[PDB]
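Per UniProt numbering, the very first residue in the sequence shown carries number 345; after that it's consecutive.
Reading through the structure tokens given below for one structure.
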Amino acid sequence: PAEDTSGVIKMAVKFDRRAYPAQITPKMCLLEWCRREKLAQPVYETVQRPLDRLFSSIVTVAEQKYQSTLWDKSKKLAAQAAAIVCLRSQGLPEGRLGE
């Protein structure tokens, strides 16, 4: 239900685990959303700038790609950021404390 799914949607996000309950992450919130929606589960591809020890991640959900504009220090932190981009750009709840 989102006709044009080309390209990449981006926002400027970094995952800050202090905003989340113990051991709940955007990846889990997004995965549960896909399951609730009977959607294929998210697919993450890592991007690297190894000379800077930087990481980015592109997540595909319902054929649309999402990615943060910002780089991070680890594959896992970048994957969390990509999940946030996917949720926040759609207006969905992100799983934070008191949301």
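For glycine and all other residues, C-beta sits at the position ideal for the given N, C-alpha and C.
{"Item": "Three or more C-beta pairs below 8 Å linking the region 357–374 and the region 418–432", "Value": "yes"}
{"Item": "Backbone CA spacing between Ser-418 and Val-429 [nearest angstrom]", "Value": "17 Å"}
{"Item": "Cβ-Cβ distance between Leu-441 and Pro-365 below 8 Å", "Value": "yes"}
{"Item": "Host alpha helix (DSSP H) of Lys-358 (start-end)", "Value": "Taken as a continuous stretch (DSSP letters only), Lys-358 belongs to no alpha helix (DSSP H), as it is neither H nor E."}
{"Item": "Per-residue DSSP class, three states only, for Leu-398", "Value": "strand"}
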